[PDB]
Amino acid sequence: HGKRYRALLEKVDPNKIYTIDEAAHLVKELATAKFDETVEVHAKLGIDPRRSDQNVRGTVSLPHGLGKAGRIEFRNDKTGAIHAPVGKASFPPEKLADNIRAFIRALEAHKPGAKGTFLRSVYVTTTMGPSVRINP
Amino acid sequence: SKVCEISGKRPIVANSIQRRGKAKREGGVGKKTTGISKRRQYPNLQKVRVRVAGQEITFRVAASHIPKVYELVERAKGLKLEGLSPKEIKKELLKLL
Amino acid sequence: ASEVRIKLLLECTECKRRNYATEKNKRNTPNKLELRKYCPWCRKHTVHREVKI
Amino acid sequence: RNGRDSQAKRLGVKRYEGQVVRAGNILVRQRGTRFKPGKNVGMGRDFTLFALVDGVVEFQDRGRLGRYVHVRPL
RNA sequence: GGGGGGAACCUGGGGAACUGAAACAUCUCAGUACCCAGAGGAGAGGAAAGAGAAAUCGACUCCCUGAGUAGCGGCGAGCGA
RNA sequence: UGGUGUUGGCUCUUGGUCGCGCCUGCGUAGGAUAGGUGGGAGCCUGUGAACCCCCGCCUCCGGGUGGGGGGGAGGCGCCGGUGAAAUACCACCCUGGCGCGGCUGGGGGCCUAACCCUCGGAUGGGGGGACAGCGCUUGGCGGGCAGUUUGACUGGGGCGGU
RNA sequence: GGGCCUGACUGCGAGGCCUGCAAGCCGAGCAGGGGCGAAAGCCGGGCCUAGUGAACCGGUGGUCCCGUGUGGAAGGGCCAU
RNA sequence: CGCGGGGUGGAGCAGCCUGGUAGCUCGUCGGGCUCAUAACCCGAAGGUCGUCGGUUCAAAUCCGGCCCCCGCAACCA
RNA sequence: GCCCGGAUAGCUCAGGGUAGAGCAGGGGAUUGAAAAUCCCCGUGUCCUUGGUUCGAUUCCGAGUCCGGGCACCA
Ligand SMILES: [Mg+2]
Ligand SMILES: [Mg+2]
Ligand SMILES: [Mg+2]
Ligand SMILES: [Mg+2]
Ligand SMILES: [Mg+2]
Ligand SMILES: [Mg+2]
Ligand SMILES: [Mg+2]
Ligand SMILES: [Mg+2]
Ligand SMILES: [Mg+2]
Ligand SMILES: [Mg+2]
Ligand SMILES: [Mg+2]
Ligand SMILES: [Mg+2]
Ligand SMILES: [Mg+2]
Ligand SMILES: [Mg+2]
Ligand SMILES: [Mg+2]
Ligand SMILES: [Mg+2]
Ligand SMILES: [Mg+2]
Ligand SMILES: [Mg+2]
Ligand SMILES: [Mg+2]
Ligand SMILES: [Mg+2]
Ligand SMILES: [Mg+2]
Ligand SMILES: [Mg+2]
Ligand SMILES: [Mg+2]
Ligand SMILES: [Mg+2]
Ligand SMILES: [Mg+2]
Ligand SMILES: [Mg+2]
Ligand SMILES: [Mg+2]
Ligand SMILES: [Mg+2]
Ligand SMILES: [Mg+2]
Ligand SMILES: [Mg+2]
Ligand SMILES: [Mg+2]
Ligand SMILES: [Mg+2]
Ligand SMILES: [Mg+2]
Ligand SMILES: [Mg+2]
Ligand SMILES: [Mg+2]
Ligand SMILES: [Mg+2]
Ligand SMILES: [Mg+2]
Ligand SMILES: [Mg+2]
Ligand SMILES: [Mg+2]
Ligand SMILES: [Mg+2]
Ligand SMILES: [Mg+2]
Ligand SMILES: [Mg+2]
Ligand SMILES: [Mg+2]
Ligand SMILES: [Mg+2]
Ligand SMILES: [Mg+2]
Ligand SMILES: [Mg+2]
Ligand SMILES: [Mg+2]
Ligand SMILES: [Mg+2]
Ligand SMILES: [Mg+2]
Ligand SMILES: [Mg+2]
Ligand SMILES: [Mg+2]
Ligand SMILES: [Mg+2]
Ligand SMILES: [Mg+2]
Ligand SMILES: [Mg+2]
Ligand SMILES: [Mg+2]
Ligand SMILES: [Mg+2]
Ligand SMILES: [Mg+2]
Ligand SMILES: [Mg+2]
Ligand SMILES: [Mg+2]
Ligand SMILES: [Mg+2]
Ligand SMILES: [Mg+2]
Ligand SMILES: [Mg+2]
Ligand SMILES: [Mg+2]
Ligand SMILES: [Mg+2]
Ligand SMILES: [Zn+2]
């Protein structure tokens, strides 16, 4: 964990719940890589992956999109985590929170059903940057 | 196995109900009662020995009302005892009740 | 019915209700029954898939 | 070892010639086509013969073509 | 001041079984019969931490009615506000 | 027989299981110890880079990995090859360890003052001792005892058979 | 024997067979939405008659009918099993 | 007689819930070791599964008849 | 029904890569009657069915049989 990544580790209080709005704020402040990073949105899904029935595939995106339309995918791994692009190293705020908001709405559209509150643990990060907690 | 000298608690009779089966709540057929016989439920009588007016005095009391014994001793620290026999100190403490 | 000839339900794949009960031999036919069947809630024919009775 | 038997099944024809029958009246109870269905007679999944119209029952022997029960409307 | 007695009636503490269920165990008989304590010319109960849908009634007790209703029930026999 | 009440004063010793630290994950191919997806074209290094003393931790049987010293410009990754899958780096996690702290347990030891026993002597001495006894509650054994069930047909009933 | 299929239908049922009860059997034809056929038509499983089990209690999926002052909920009803 | 079990190379036993396959030990026979016999070692033969019938494409196997063997029962008089 | 074992070669058994251990039975070295011992065999419905995998004896859904304990049976 070299010198750079700590600077960003000064910028994220570990004991805090952030907002769909707060995310778009801090994210353009953990992208201190030397390239226009992608913003990654993660979640720990509340289902069994071994269960053939309960499962997450599907396609979104909109509004803005991949920017590499902008249709993205999301499939859970064998562990129950989902995560996906997009979002980029600006991409202004209040223009990414909208993007980040609608991805959470899907998958929140695909509870197989399963057991509990779907979006158990949720997270938002950048490519070479720390994580932020956020609130679906 | 008798009557609380403070509270009046005495043995009561109760049924002992033996049941088989799975509760409906748990998705069972229901509960069936495989025997009802009579039994007695007893106060948790114990002995509290206590020194009042330099005299050893024992109450046979239910555990629940044990604190009430040293309470009457607290109220009795104000009446003419000495030199009553233990039986009559007992009567006088009980009157404070 | 038996261990191998089972009882089972047909569930309209569109509205997910069970409209038919029937049997099958799960050795001769180890795959969920998919048939077409009048669904009286949908009031049209629908593919029903096999569901555990 | 023995001692068994099954219930009598009360077979046979239930309306003879000249009898007036309402429609779905049963005409013959049978196993197989001892009697074949004729004019105005249907045959159920168990070879039961029944009148398909109000009428008068009539029997016909057609040789190797079998015996036939008909209903003639009135 | 108490003690002991009193036909039945009364309240409290205890509390069956035959029987019914055409067997029987839950259930029934029945909180009955009986034992015990206590009270009296009666006893109990009694001035809402009530009822329960009327924005309602108004301590208790007793009769009629509500009603064999609502319900309870090996949802059986029955039991029963 | 577990919990708990009566039921108190000290004390040693352990084991589980949750939470953040950390590592850990190896068929054969492959540079070789590849956990799973997703981001990813850059990433570390003057806050000390490639190696190969010391340890600690592990290891599949090649090595991996953390802390410490040595040093004195470099390492990676992309590319590309084999690949079912690709290597940096980052994120969310899965498996199983490891310390630190929740919590919850079992195996002790002493003490005296409730309880218990006992001493021609008793507001006391001595002995047991928070056990035992006793209350509520849990499961177990339980013809010692209690209530009952233990079918019908039938060339009598039983046995047989139905 | 082959092609295409799922009528091994849903909502009904004149009429009868059988019959102590209860059960058990057959059923033309009407509607919905289908299959096969050029069509007539046939199809509510199998050439037929064995391959089975009333209630009660409870499980599951529906339904959204009841919901102990009201809105919910608990729990129940109804349909399917 | 009733109930239960059984009959398979020469002997004593598997196999048959379970249809398509007959196996173990000893014995027998041919060969070796030994001076010779046994023990031991190598190799082989021998069963149509009590018998008749049925079911089946196929019967040791499943079903029935008949024969025989074993165990149990036959009580209130 | 709930939990824990079991079902992998001819016997008895070990275990996301896969099929190995001791014996059974075959070989070959020991130079030998024998055992013992070393190298070498390899026979595997991994109890079914479906599913996730590059790959399933292994993991997940549904089943079957056997043992221990518990519970339930209109
Ligand atoms: Mg009880
Ligand atoms: Mg009950
Ligand atoms: Mg005490
Ligand atoms: Mg208490
Ligand atoms: Mg007979
Ligand atoms: Mg008859
Ligand atoms: Mg007959
Ligand atoms: Mg028909
Ligand atoms: Mg004529
Ligand atoms: Mg008594
Ligand atoms: Mg009776
Ligand atoms: Mg009797
Ligand atoms: Mg009784
Ligand atoms: Mg009384
Ligand atoms: Mg009375
Ligand atoms: Mg008196
Ligand atoms: Mg008066
Ligand atoms: Mg009065
Ligand atoms: Mg009074
Ligand atoms: Mg008042
Ligand atoms: Mg009820
Ligand atoms: Mg009943
Ligand atoms: Mg009563
Ligand atoms: Mg106890
Ligand atoms: Mg306590
Ligand atoms: Mg305490
Ligand atoms: Mg001690
Ligand atoms: Mg104790
Ligand atoms: Mg007990
Ligand atoms: Mg007993
Ligand atoms: Mg007895
Ligand atoms: Mg009785
Ligand atoms: Mg008795
Ligand atoms: Mg009985
Ligand atoms: Mg008789
Ligand atoms: Mg006779
Ligand atoms: Mg006679
Ligand atoms: Mg006889
Ligand atoms: Mg008999
Ligand atoms: Mg249809
Ligand atoms: Mg009719
Ligand atoms: Mg009738
Ligand atoms: Mg028709
Ligand atoms: Mg039509
Ligand atoms: Mg048509
Ligand atoms: Mg056509
Ligand atoms: Mg047509
Ligand atoms: Mg045919
Ligand atoms: Mg019910
Ligand atoms: Mg409902
Ligand atoms: Mg309400
Ligand atoms: Mg309403
Ligand atoms: Mg219906
Ligand atoms: Mg023989
Ligand atoms: Mg076999
Ligand atoms: Mg010889
Ligand atoms: Mg010689
Ligand atoms: Mg024979
Ligand atoms: Mg044949
Ligand atoms: Mg034959
Ligand atoms: Mg054969
Ligand atoms: Mg033969
Ligand atoms: Mg006798
Ligand atoms: Mg005799
Ligand atoms: Zn439908």
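See the structure printed just above.
The rules behind the values
Residues numbered from 1 in each chain as written, not as in the entry; some residues may be left out. Chains lettered and ligands numbered in written order. Part of a larger assembly, values for the part shown. Heavy atoms only, no water. Residues with missing side-chain atoms left out of burial classes, pairs and counts. Helix = DSSP H or I, 4+ residues; strand = E, 2+ residues; numbered from the N terminus. Contact = heavy atoms within 4.5 Å. Buried < 20%, exposed > 50% of the residue type's maximum accessible area, 1.4 Å probe, protein only. Pairing = 2+ DSSP bridges. Near = heavy atom within 4 Å. Polar contact = N/O pair within 3.5 Å; in protein donor to acceptor, adjacent residues only side chain to side chain. Nonpolar A, V, L, I, M, F, W, Y, C, P; charged D, E, K, R; others polar. Core = buried A, V, L, I, M, F, W, Y, C linked by side-chain atoms within 4.5 Å.

1. Brief notes about the overall build of chain B
Now for step 1: Within chain B, the secondary structure is distributed over two helices and four strands.
Now for step 2: Listing the helices and strands of chain B from first to last along the sequence gives β-β-β-β-α-α.
Now for step 3: Viewed in the frame of its principal axes, chain B has a C-alpha envelope of about 70 × 25 × 20 Å.
Now for step 4: Taking the contacts inside chain B whose residues are at least 6 apart along the sequence as the reference set, 49% of them involve residues at least 24 apart.

2. Points about unusual backbone geometry
Now for step 1: Between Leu62(A) and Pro63(A) the backbone carries a cis peptide bond, its omega angle lying at -15°.
Now for step 2: One can find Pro63(A) in the loop between β1 (38–45) and β2 (84–88).
Now for step 3: Here the residue pair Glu82(B) and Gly83(B) is connected by a cis peptide bond, since its omega of 0° sits within 30 degrees of zero.
Now for step 4: Along the chain, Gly83(B) turns up in the loop between α1 (66–75) and α2 (86–95).
Now for step 5: Backbone geometry at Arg43(C) places phi at a positive 55°, although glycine is not the residue there.
Now for step 6: Structurally, the position occupied by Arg43(C) is in the loop between β3 (34–39) and β4 (44–52).
Now for step 7: The class of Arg43(C) is exposed, set by a relative accessible area of 64%.
Now for step 8: Located in the positive-phi region is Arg10(D), a residue other than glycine, with phi close to 55°.
Now for step 9: Assignment of secondary structure puts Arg10(D) in the segment before β1 (12–13).

3. What about the sheet that holds strand β4 (residues 35–37) of chain D?
All names here are of chain D.
Now for step 1: What the four strands build is an open sheet, ordered β2-β7-β8-β4; its pairing is mixed. On the outer flanks of this sheet lie β2 (20–21) and β4, each paired with one strand and no other.
Now for step 2: Bridge count between strand β7 (residues 55–61) and strand β8 (residues 67–72): six bridges; the pairing is antiparallel. Considered in β8, the bridge of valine 57 is made with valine 71.

4. Considering the environment of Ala7(A)
Now for step 1: Relative to the helices and strands, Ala7(A) is located in helix α1 (residues 3–9).
Now for step 2: Along the sequence, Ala7(A) and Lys28(A) sit 21 residues apart, while their C-alpha atoms lie 13 Å from each other.

5. Considerations on the protein's contact with RNA strand E
All names here are of chain B.
Now for step 1: Residues in contact with RNA strand E, as listed here, are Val13, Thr33, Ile36 and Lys38.
Now for step 2: Here, RNA strand E places atoms within 4 Å of the protein, and 93% of those atoms are sugar or phosphate.
Now for step 3: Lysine 38 places a side-chain nitrogen or oxygen 2.7 Å from a phosphate oxygen of RNA strand E.
Now for step 4: Considered class by class, the residues forming the surface near RNA strand E number two nonpolar, one polar and one charged.

6. Points about the environment of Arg75(B)
All names here are of chain B.
Now for step 1: Relative to the elements of secondary structure, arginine 75 occurs in helix α1.
Now for step 2: On the basis of relative accessible area, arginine 75 is assigned to the partly exposed category, the value being 47%.
Now for step 3: In the structure, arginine 75 is positioned 31 residues away from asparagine 44 in sequence and 25 Å away in space, judged by C-alpha atoms.
Now for step 4: Side chain to side chain, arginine 75 and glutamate 71 meet in a polar contact 2.3 Å long.

7. Points about the nonpolar core
Now for step 1: With 31 residues, the main nonpolar core has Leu45(A), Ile100(A), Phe103(A), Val124(A) and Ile134(A) as its most contacted residues.
Now for step 2: Apart from residues no more than four positions distant in its own chain, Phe103(A) is found in contact with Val41(A), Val60(A), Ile72(A), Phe74(A) and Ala84(A).
Now for step 3: In terms of nonpolar packing, the next biggest core, distinct from the first, is built from 17 residues, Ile6(B), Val48(B), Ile57(B) and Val73(B) among them.

Everything listed here is a matter of coordinates, which is why it stays silent on function.
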